[PDB]
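Down below is the structure, laid out as structure tokens.
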Amino acid sequence: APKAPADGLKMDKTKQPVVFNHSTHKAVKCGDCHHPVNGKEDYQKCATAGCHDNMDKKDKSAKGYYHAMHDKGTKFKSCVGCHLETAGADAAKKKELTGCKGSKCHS
Ligand code: HEM
Ligand code: HEM
Ligand code: HEM
Ligand code: HEM
């Protein structure tokens, strides 16, 4: 069975890189992020060719990498989508978890 990697993973496909820590996401099943593709949970890097490899941040199709990390109403939760739900009405948590700058994702 796949094992989570070490904390401090840098997502760095863009000029706004973001650190991801598995240890803070244990309340989330692995396959909610490493989601099924052709019926099997896929543990490849999200931006693998044929996956979320479109680096046009304006693309709203499934292959758009920005879209996959930021948008609501997606088939699997995005980073920002799930964080918005988590923050609820708490403005401090909305800033920490969903702010576009000065958040835990982007400085
Ligand atoms: C569940 C305990 C779980 C496992 C297992 C797991 C594994 C895993 C691997 C093996 C990697 C490395 C991939 C590589 O080859 O680079 C990896 C990377 C990322 N993960 Fe993960 N992961 C588990 C859980 C979760 C959860 C719950 C989320 C989403 C909240 C998540 C996300 C990520 C992300 C993002 C990465 C980086 C991918 C990248 O493209 O570099 N994982 N995980
Ligand atoms: C990496 C951990 C990773 C993330 C994060 C992720 C997210 C993601 C979202 C949010 C969606 C929904 C988009 C929408 O509804 O518009 C989505 C959908 C698909 N993904 Fe993905 N995804 C990650 C990893 C991977 C990998 C490694 C591949 C390629 C093997 C891949 C592919 C796809 C496909 C295909 C879809 C659409 C699925 C369907 O319609 O059932 N993703 N992903
Ligand atoms: C998507 C790849 C993604 C990123 C990036 C991400 C980041 C992130 C950070 C930076 C934190 C703060 C703690 C830390 O420094 O590790 C954090 C915390 C929470 N997250 Fe997250 N997160 C990503 C995705 C997801 C997904 C898809 C969910 C829900 C399904 C989720 C949830 C949470 C929760 C819960 C926390 C803790 C919140 C807190 O108040 O402490 N994240 N994540
Ligand atoms: C707030 C809604 C918000 C904005 C706006 C935003 C912007 C942003 C940009 C411009 C990029 C780079 C896109 C490109 O291709 O040039 C980027 C990248 C990532 N972001 Fe973001 N972002 C906002 C908020 C958040 C939050 C709160 C998280 C974490 C939950 C987050 C995550 C990510 C991830 C992951 C990336 C990709 C990192 C990489 O691979 O380089 N964003 N964002």
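For the numbers below, each heavy atom of this structure counts, side chains included, while hydrogens, waters and symmetry mates do not. All residue numbers refer to positions in the sequence shown, counting from 1.
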Exercise for the section: State, with a plain yes or no, whether a side-chain heavy atom of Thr74 is found less than 4.5 Å away from one of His67. Expected result: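 When only atoms from C-beta onward are counted, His67 and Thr74 do touch, with a gap below 4.5 Å.
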Practice task
Could you check if a side-chain atom of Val80 sits within less than 4.5 angstrom of a side-chain atom of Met69, using non-hydrogen atoms only?
Solution key: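 Answer no - side chains too far apart.
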Exercise for the section: If the plane angle is over 60° it's perpendicular, under 30° parallel, otherwise tilted; pick one for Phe20 and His22. Expected result: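 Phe20 vs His22 ring planes: perpendicular.
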Exercise for the section: Grab the two heavy atoms, one from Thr14 and one from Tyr65, that are nearest each other, plus how far apart they are. Expected result: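 Looking at all heavy atoms of both residues, the closest pair is CG2-CE2, 3.9 Å.
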Exercise for the section: Give a yes-or-no answer on whether the side chains of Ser23 and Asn21 include a donor-acceptor pair shorter than 3.5 Å. Expected result: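 There is no such pair (donor and acceptor under 3.5 Å, judged by atom type) between the side chains of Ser23 and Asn21.
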Handout entry: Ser78 side chain to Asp71 backbone, donor-acceptor under 3.5 Å
Key =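 Here the side-chain-to-backbone pair exists.
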Exercise for the section: Examine distances only and state if a side-chain atom of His34 and a backbone atom of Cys30 form a donor-acceptor pair shorter than 3.5 Å. Expected result: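 Here the side-chain-to-backbone pair does not exist.
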Exercise for the section: Taking atom NZ of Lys95 as the centre, report whether more than 12 heavy atoms of other residues, nucleotides or ligands fall under 6.0 Å from it. Expected result: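 Enclosed.
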To the nearest 0.5 Å, what is the distance between [atom1] ([X]) and [atom2] ([Y])?
| X | Y | atom1 | atom2 | result |
| --- | --- | --- | --- | --- |
| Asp90 | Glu96 | CG | CD | 8.5 Å |
| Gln16 | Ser107 | CD | OG | 7.0 Å |
| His70 | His83 | NE2 | NE2 | 11.0 Å |

Name each donor-acceptor pair under 3.5 Å that joins a side chain in residues 41-52 to protein atoms two or more places apart or in another chain, with its distance.
{"unit_1": "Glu41", "atom_1": "OE1", "unit_2": "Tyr43", "atom_2": "OH", "d": "2.7"}
{"unit_1": "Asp42", "atom_1": "OD1", "unit_2": "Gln44", "atom_2": "N", "d": "3.2"}
{"unit_1": "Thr48", "atom_1": "OG1", "unit_2": "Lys45", "atom_2": "O", "d": "2.7"}
{"unit_1": "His52", "atom_1": "ND1", "unit_2": "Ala62", "atom_2": "O", "d": "2.7"}

Exercise for the section: Could you point out which residue of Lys77, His25, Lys72 forms a side-chain contact (heavy atoms from CB on, under 4.5 Å) with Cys82? Expected result: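 That would be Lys77.
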